[PDB]
Amino acid sequence: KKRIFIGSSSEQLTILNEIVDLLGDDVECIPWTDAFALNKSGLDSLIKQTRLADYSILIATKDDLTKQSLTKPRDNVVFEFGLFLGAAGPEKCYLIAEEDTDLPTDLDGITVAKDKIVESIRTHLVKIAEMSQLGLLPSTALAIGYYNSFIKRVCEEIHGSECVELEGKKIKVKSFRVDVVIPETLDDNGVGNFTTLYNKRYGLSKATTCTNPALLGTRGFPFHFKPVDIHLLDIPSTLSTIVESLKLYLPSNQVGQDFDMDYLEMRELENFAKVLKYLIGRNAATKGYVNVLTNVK
Amino acid sequence: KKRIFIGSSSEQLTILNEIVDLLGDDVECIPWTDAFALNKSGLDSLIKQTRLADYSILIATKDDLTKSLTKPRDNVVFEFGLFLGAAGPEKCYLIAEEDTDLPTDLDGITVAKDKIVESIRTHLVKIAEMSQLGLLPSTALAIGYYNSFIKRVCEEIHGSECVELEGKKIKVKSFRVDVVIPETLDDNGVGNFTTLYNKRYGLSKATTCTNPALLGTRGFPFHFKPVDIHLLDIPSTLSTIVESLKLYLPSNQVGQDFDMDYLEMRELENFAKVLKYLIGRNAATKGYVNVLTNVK
Amino acid sequence: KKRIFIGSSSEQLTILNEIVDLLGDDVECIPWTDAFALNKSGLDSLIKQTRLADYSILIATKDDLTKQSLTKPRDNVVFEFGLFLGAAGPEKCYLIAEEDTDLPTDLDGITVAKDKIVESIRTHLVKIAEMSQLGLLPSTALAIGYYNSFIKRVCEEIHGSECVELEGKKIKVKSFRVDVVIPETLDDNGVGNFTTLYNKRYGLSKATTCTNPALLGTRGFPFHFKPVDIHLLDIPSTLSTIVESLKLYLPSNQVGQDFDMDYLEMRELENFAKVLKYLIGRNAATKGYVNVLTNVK
Amino acid sequence: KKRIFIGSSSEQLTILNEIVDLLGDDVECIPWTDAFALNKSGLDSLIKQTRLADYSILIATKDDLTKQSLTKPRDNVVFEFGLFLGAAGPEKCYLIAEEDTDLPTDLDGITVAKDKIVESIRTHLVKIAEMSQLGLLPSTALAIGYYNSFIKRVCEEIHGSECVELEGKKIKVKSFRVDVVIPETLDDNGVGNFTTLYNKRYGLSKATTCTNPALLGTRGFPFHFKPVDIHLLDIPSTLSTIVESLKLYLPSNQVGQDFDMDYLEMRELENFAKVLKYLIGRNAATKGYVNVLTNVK
Amino acid sequence: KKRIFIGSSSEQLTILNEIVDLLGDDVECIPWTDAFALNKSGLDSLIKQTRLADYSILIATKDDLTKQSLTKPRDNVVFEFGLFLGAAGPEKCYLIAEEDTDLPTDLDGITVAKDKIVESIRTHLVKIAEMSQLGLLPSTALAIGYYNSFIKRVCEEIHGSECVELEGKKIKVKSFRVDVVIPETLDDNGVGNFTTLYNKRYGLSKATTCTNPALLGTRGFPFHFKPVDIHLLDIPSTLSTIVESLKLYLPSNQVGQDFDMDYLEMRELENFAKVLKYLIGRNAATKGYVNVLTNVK
Amino acid sequence: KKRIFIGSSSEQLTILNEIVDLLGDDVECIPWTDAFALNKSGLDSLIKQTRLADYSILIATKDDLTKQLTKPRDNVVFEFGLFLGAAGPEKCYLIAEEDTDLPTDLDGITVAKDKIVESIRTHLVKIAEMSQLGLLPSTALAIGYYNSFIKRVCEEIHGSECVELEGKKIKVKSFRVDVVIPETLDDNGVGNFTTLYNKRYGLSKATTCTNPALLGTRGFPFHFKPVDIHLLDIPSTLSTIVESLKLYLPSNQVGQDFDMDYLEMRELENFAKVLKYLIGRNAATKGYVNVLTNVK
Ligand SMILES: Nc1nc2c(ncn2[C@@H]2O[C@@H]3COP(=O)(O)O[C@H]4[C@@H](O)[C@H](n5cnc6c(=O)[nH]c(N)nc65)O[C@@H]4COP(=O)(O)O[C@H]3[C@H]2O)c(=O)[nH]1
Ligand SMILES: Nc1nc2c(ncn2[C@@H]2O[C@@H]3COP(=O)(O)O[C@H]4[C@@H](O)[C@H](n5cnc6c(=O)[nH]c(N)nc65)O[C@@H]4COP(=O)(O)O[C@H]3[C@H]2O)c(=O)[nH]1
Ligand SMILES: Nc1nc2c(ncn2[C@@H]2O[C@@H]3COP(=O)(O)O[C@H]4[C@@H](O)[C@H](n5cnc6c(=O)[nH]c(N)nc65)O[C@@H]4COP(=O)(O)O[C@H]3[C@H]2O)c(=O)[nH]1
């Protein structure tokens, strides 16, 4: 599944397909050959895959004998590696290099990959599939904010003050459990419509966190929920921002079901849920009391 | 004042002075010569520079002959691609001479050829007042804040003309809101600054009225000041920036860093710029919404 | 378990794995070969292992015949030994040296290790696994301060003045026993949230040490507890500092469950508990009255 | 005033003078020539120098030819460089390499300084003077713990309730502000005796942060202060830990006035105050409301 | 048990182990081979054993044929014997010498040891195990002072003036017996904490020696005790000094239970008790009325 | 005034003069030539010299060739080790030439190689104001006196601010103490000097107040002079020193010995030095405690 952009020179077209075989299955190894859309600039398509491919396995070999004789890698490949590295990062972009390909002088002292090599590469790939860092699409950062502004805040407040405020009347929280519902698919308009739908299907009564006059400048946290056991349910409104940034991430001329963006937004919901699950295992005020529901409806 | 990573070849030097002078004196154009921090490896400091440098003007030249193509160095093209993927097509530019036979991934693409340099400077002036998606979400968080809070709240008030506080439906004759961007980002996020600023002024809590028809919508508790409500709030989303900043620029050092101060201030400026543009983007939030960037 | 960094030159790749065999099991021998992360500078990875590996067994052999002829050790290996020694210390970093490898002139008069050698090495390693000295992460120093500021202070005060001050009313301490609860896992935000959870789950009433006006500049010591026998329970707040310094110890780009830091932080809690247990056996005011609970929840 | 371990080769001598002069006169740059204390072995005194010397500017040169022909520096120079790198840190230790010294390949691709070079290094040292690293003896870590555990906590508590409790009297805090009193010299017994002396001298009365009944698993912070303007101020007790660490930093069989210890202890007090003074501008609740009276009495 | 440092040249490795056999059991014969700690200077380890090993059996043989031909002993062995003799003394350091090894010209006219020889050596070893002289650790001198300042003083005063002063009221001493309790293990902070514990567990009422105005400049001697028979009990506070000098005796980098110092401190309590028991058999004012309790709690 | 055992080889003689002159005239540098007392065996007088000599500056040279090597004499290394184990690493020093291939227990260790001699002299000046653990406990007894009496008494007075005498809890408004070290050590210990000095001035007994909470603590009866108490005391522990001196320097001779007078005076100086350092070592005993060394 995970989309991997394999960039290599036109003459390195048999190593490419060997590397495709070497990590065949559970990964959508896409080469640079089918990564170029018709009637599009090569740089545009390269940037665009950079915005789609999860990782990159660029292959640098003995070509373009250069001058400063020294068999360097390929200016196309070096450009591509720079681009993918700047967009994705060393964690996510990798440079297979054969025995002596004379890496750039910027790429010196940096251990690049040199068949078992692909094996270790794939293990590292899986290692980084459990890790969520910042990206142009702010799923990681949006999850961090959602958790350090609402989930952690609400969890701490309910743990602290034994009550939630429905309608100004206060009800008492004896058992506390909240479910973060990640919609299976984001609407163009955001999540507000799905949120209203979902809330209305269930009883999900609207109550807010109880404040005290001890802290004057403290904000309340309205939410929906079901000596009461409370099944709090929240659909992160921040996900709307995602469907906004996607419009900036991949500006699209046409209106229609785009697989590229369907995958991109599903991946970003994946990352949002992953980050939330991590950050729930983190704090004891949320450990075991916040559950995450992924791929809903 | 604007940081500009200029990168070229260890041989191609007085063009770098020439371009630094031509770009002028108001922007700070850091060369790659001093961009390499001590006891760090070149790729690593270059990635740091991408995280810091705003724009790029690398210089492709007739450096290395190859196999009979007079290409630039690999380092120049590598840095160019790294900044292109880090910053973006209009936050990174390439100064190629008449004949440098750039990579064929760059063929057919507009690459800048003294008047060239001032054209680039005008382009940079343009891109200074636009806003791109960034690795650390300053425009994305602004978009989310506007579409989720400010547009929502303004529409709510214009709709019901009334706002609710401890069940009292107080009437809103005149409406308007202010966005208070702190001058510096608090380590804990803007929660403590927010509490200070709500305590200082008479900023009382109030929630947007929720009609019973819309059973799956939540109101927006905020702080304000048939009455003229002097509404104003600190965007809490700024706390995220703080988080992101570390995941942007991790560092083992506890103290006053100029690089970080500049980066964090720039992101505050970008947030305010996006919000100020997005308020003219809508009628319900035009004239009814102001930005007090750099408060206290 | 204990992670041991075996550093040696690329041609000494059979001695490495032999030394791995000689101290196989109950130790996570990591070689320098798999100690280098991809797309990272060698110095960065070396420093980074220095911040993970508990010990080091660097192997210096007959290579790099140098000039001042004398078959010295390897500049990579010498650098690595210097680095690990400066970071860890002689107690923790060791230099296997073959019969005549011509140690540096700084390393003269210093008995370095020369298969039975590995045996003695392992005995010394076990000896030093029971010993806790200062480190970049201040688990040892934080425990020392926690014990010479709270545990010793509270123990002596209760032993001296036969009362603790709950609510301003004084209750009398007939039998005295306090439990230092080390959480099994530290939260990002510190221990305050775990502390509040734990205190609220148990009765853990909040009372403080009784002061007297005889000494004006003496500070009180609030704590939680259950002619009363008192089951004092304390979760060291100082552990928060650890999770703080860890952020500086291993600055991490990504958000996610990192085994490296999970092990590092578990090890630092290990050291904190070990130092505390030592320091309880130390003073008679605490001997037998302070117990330590490790790996809690 | 700043101590600077300059280390080079027993042949590479007048360069050491040039660099000492170029670094200037305001900093004390101790050469490796006099760094070797009598009746001690070289490694041991070098480790002591790491414990003492703040920054490092070793000098790699074309000393020893080798066989990997490679004109390497001496093994001693690289060993010292690594030892200081692992002891101090990458930006508290620097290497002055000539045009061609083919440094170890763990250092390849890494920025090593090549009179203007020396003053660039001096500017770096001026930079690193106002930052704070994690240290073997916890001066920044203890400051972080003190701030996050006491000063941030106390300031937030007071700003919240605006009231503080003493023998059950909830006295009101109209104006709030605190001072951090760092003693000029660290008392042997820790700062307990200095703290009691200073509390006795002035009218510093005890007072605890008010604890609301909602937060049943939180402890107040008894402190010493001076709707009223409270002139709050306290000596950080954590400083006592430093004393302990100092011995575990610099053990010595000698009872008397040691300049090495006086300098070390003073530097750690300065680093603590520097970290705290930066961390107070780091936060709103502790900005202007918190001052540092470093070197009192 | 008793640790005996057997120092000999590297080629004299069969006589060493023969002498180990020849005086096997009730002695912990440690050779110079395992007396060298890793990553430590040879001189450091030698001095350190000098501070651990009770005795020494240094072996001087026919090696280092020197010039002034004459087969002298070994510069290593001669150094070691000089060091151990200067630190311990002839009573405690011994030099086995073979038939004609040409002792130094300083060691002339001095009868050194020449299998039955080991027998006599061991008899002398037991003789000196029954003898307590001055040392770096002042157990002997501290006991002497404790007995010529408190035990003898108090014994004479009670024998003389038939009363002890409790609270200013005088109680009459018909039968007199005092027990000197040596704690089984000394705390870092001294004995004060053990002293308070022990005193408080028993009734041990606090009374002092009765002075008279006949002698104006006579000091009182407070103590604790149970026409009254009086079971005086005293824990020598001077033992605190021991745990102080130990810190100077063996300055330790690390925090943890050290067997070397555990043994050293147990040995020093042994010597203190032995000296006290001797000095009680000495004076008739203390004979039979003062008992010594060793290895307490 | 400072005694310095200089020891060398029966061949290396004018070097001994040279070093004696270089060390100067203010310190008394006794050679090994006259260190050998008549009708005593060499080891015995050397041990006596260790008991007397404060510092050592032996001289290793190219005396005896060997086979393993131009080592110094066995006697020189033996004396060096004897003083090292008797005095300490920084109270004994070795002056080795460029090539003397010292024992391999001393390999890799810093041994001094005219400027060398004055560097050693500066080191000796350093070690003059530090204090090591000694065979006869002058620093150890000072540590015990400070931690057991002076720190304790000062802390007690600062705590209760009151002291008790025949049940009267008299108030201590201003506190301060003096430590009276006798010029010469009385044979019986300082008990008789203490009684004389208490008789001369009006030094009345007074005990630190003991609160009932601490049921297993003893007060400190002492002699003093809301009132300004002119506290001062002779450290009784000095009597121990007397004892130790014999167990340090046994001798069958009754009379005025310069060696003993120097030794006992040096130990009194070392006691006072340790105490004077340990009072600035602590706040509760700083300015409130003074040392009147060599009284009467
Ligand atoms: N059920 C519930 N979820 C909450 C609440 N507050 C925050 N969240 C969740 O946390 C996410 C990020 O909040 P933020 O970082 O503090 O940053 C927020 C904040 O600055 C502002 N904002 C959002 N909601 C409110 C509000 O109710 N009152 C005020 N005064 N500001 C709000 O817009 C930023 C982004 O908002 P979002 O896109 O909506 O995404 C929100 C939203 O998904 C709450 O009160 N109730
Ligand atoms: N239950 C309880 N535990 C205590 C208390 N005081 C100290 N501890 C524990 O001892 C550890 C180290 O205390 P510290 O070295 O004196 O160093 C402390 C101290 O200088 C200061 N501090 C902490 N608590 C207080 C307080 O309540 N009052 C005042 N004036 N200062 C405090 O912050 C430093 C670090 O604090 P921590 O990270 O929290 O870590 C604290 C904390 O885990 C107490 O009063 N009650
Ligand atoms: N129960 C009891 N034991 C006693 C008493 N006096 C001495 N000892 C014991 O005798 C040891 C040696 O006393 P010191 O040689 O005269 O030398 C002593 C003395 O000069 C001084 N000192 C100790 N206690 C007192 C005191 O109560 N009053 C005065 N004026 N000086 C004291 O400190 C020196 C070392 O004291 P330490 O380490 O404690 O060790 C003391 C202590 O263990 C006493 O009055 N009651």
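Residues numbered from 1 in each chain as written, not as in the entry; some residues may be left out. Chains lettered and ligands numbered in written order. Heavy atoms only, no water.

Spatially, chain A is disjoint from chain E: no contact exists, and the shortest C-alpha separation is 30 Å. A minimum C-alpha distance of 34 Å separates chain A and chain F, which share no contact. (Contact = heavy atoms within 4.5 Å.)

Here we come to the UniProt feature "binding site: 3',3'-c-di-GMP" in chain A. Residues and elements named next belong to chain A. The UniProt record marks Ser149, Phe150, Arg219, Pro222, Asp234, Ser237 and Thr238 with the feature "binding site: 3',3'-c-di-GMP", using the residue numbering of this structure. Within the secondary structure, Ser149 is located in helix α5 (residues 139-161). For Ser149, a relative accessible area of 18% puts it in the buried group. Polar side-chain contacts of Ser149 include one of 2.9 Å to the backbone oxygen of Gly145. Of note, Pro222 is situated in strand β11 (residues 222-225). (UniProt positions renumbered as here; feature names shortened; annotations may be inferred. Helix = DSSP H or I, 4+ residues; strand = E, 2+ residues; numbered from the N terminus. Buried < 20%, exposed > 50% of the residue type's maximum accessible area, 1.4 Å probe, protein only. Polar contact = N/O pair within 3.5 Å; in protein donor to acceptor, adjacent residues only side chain to side chain.)

All names here are of chain F. Split into domains, chain F comes out as domain 1 (3-128) and domain 2 (139-295). One C-alpha centre belongs to domain 1, the other to domain 2, and the line joining them spans 38 Å. Contact residues are listed per partner, giving 8 residues for domain 1 and 7 residues for domain 2. Taking both partners together, domain 1 and domain 2 bury about 740 Å²; carbon and sulfur atoms supply 44% of that area. The largest share of the area that domain 1 buries against domain 2 comes from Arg3, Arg51 and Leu52, three residues that together contribute 62% of it. Applying the counting rule to domain 1 against domain 2 returns 2 salt bridges. In this structure, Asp54 engages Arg266 in a salt bridge whose closest nitrogen and oxygen atoms are separated by 2.5 Å. With 4 residues, the single largest contributor to the side of domain 1 that touches domain 2 is helix α2 (residues 42-52). Here the side of domain 1 that touches domain 2 is composed, by residue class, of 2 nonpolar, 1 polar and 5 charged. (Domains from an automatic or database assignment. Buried area = accessible area lost by both parts, 1.4 Å probe. Salt bridge = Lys/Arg side-chain N within 4 Å of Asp/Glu carboxyl O. Nonpolar A, V, L, I, M, F, W, Y, C, P; charged D, E, K, R; others polar.)

Another aspect to go through is the relation of the copies chain E and chain D. For the pair chain E and chain D, the best superposition has an RMSD of 0.5 Å and corresponds to a rotation of 180° with a translation of 0.2 Å parallel to the axis. One copy is carried onto the other by what is essentially a two-fold rotation axis. Proximity to the rotation axis, assessed at the C-alpha, singles out E:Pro251 in chain E; its C-alpha lies 2.6 Å from the axis. In this assembly the copies share their binding face: 100% of the residues contributing to the interface of chain E also contribute to that of chain D. (Least-squares fit on C-alpha atoms.)

Looking now at the environment of B:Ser138. Residues and elements named next belong to chain B. Following the sequence through the fold, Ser138 ends up in the loop between α4 (115-128) and α5 (139-160). Residues contacting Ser138, with those up to four places away along its chain left out, are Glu267, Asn270 and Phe271. Of the polar contacts made by the side chain of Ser138, one reaches the backbone oxygen of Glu267; its length is 2.6 Å.

Now for the site of ligand 2. Neighbouring ligand 2 are 25 residues; C:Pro222, C:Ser237, D:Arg219, D:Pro222 and D:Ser237 lie closest to it. Close to ligand 2, residues of chains C and D are found. Between ligand 2 and D:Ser149 there is a distance of 2.9 Å, counted from an oxygen atom to a side-chain nitrogen or oxygen. The protein chains hide 97% of the 730 Å² of surface that ligand 2 would expose on its own. Broken down by secondary-structure element, the contributors of at least two residues to the shell around ligand 2 are α5 (139-161) and β10 (222-225) of chain C together with α5 (140-161) of chain D. In terms of residue count, α5(C) provides more of the shell around ligand 2 than any other element does, 4 residues in total. (Near = heavy atom within 4 Å. Areas by Shrake-Rupley, 256 points an atom, 1.4 Å probe, with all protein chains shown as cover.)

What follows concerns the site of ligand 1. Taken together, 23 residues sit near ligand 1, with A:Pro222, A:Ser237, B:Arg218, B:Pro221 and B:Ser236 positioned nearest. Neighbouring residues of ligand 1 are not confined to one chain but are distributed across chains A and B. Here an oxygen atom of ligand 1 and a side-chain polar atom of B:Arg218 are 2.3 Å apart. At 2.5 Å from a nitrogen atom of ligand 1 is found a main-chain nitrogen or oxygen belonging to B:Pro221. In the complex, 97% of the free accessible area of ligand 1, which totals 740 Å², lies under the protein chains. Those elements that place two or more of their residues in the shell around ligand 1 are α5 of chain A together with α5 and β11 (221-224) of chain B. Broken down by element, the residue count for the shell around ligand 1 peaks at 4 residues, all from α5(A). Taken together, the residues of the shell around ligand 1 sort by class into 11 nonpolar, 8 polar and 4 charged.

A few words now on the domain arrangement of chain A. Residue and element names in this part refer to chain A. Here chain A is described as being made up of domain 1 (2-129) and domain 2 (139-296). Summarising the inter-unit geometry, the C-alpha centres of domain 1 and domain 2 are found 38 Å apart. Facing the 9 residues of domain 1 at the interface are 7 residues of domain 2. The interface formed by domain 1 and domain 2 includes 1 salt bridge.

Looking now at the pairing of strand β3 (residues 55-60) of chain C. Looking along a regular strand, one sees side chains alternate from face to face of the sheet. Residues and elements named next belong to chain C. Taken across its 6 residues, β3 has 6 buried, putting it largely inside the fold. Alternating residues of β3 divide into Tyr55, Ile57 and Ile59 and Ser56, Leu58 and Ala60, and every residue in both groups is buried. By the bridge criterion, 2 bridges tie strand β1 (residues 2-6) to β3 in an arrangement that is parallel. Looking at β3, one finds that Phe5 is bridged to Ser56. Relative to strand β6 (residues 93-97), β3 is paired through 5 bridges, and the arrangement is parallel. Residue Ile59 lies in a different strand from β6, and its bridge partner there is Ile96. (Pairing = 2+ DSSP bridges.)

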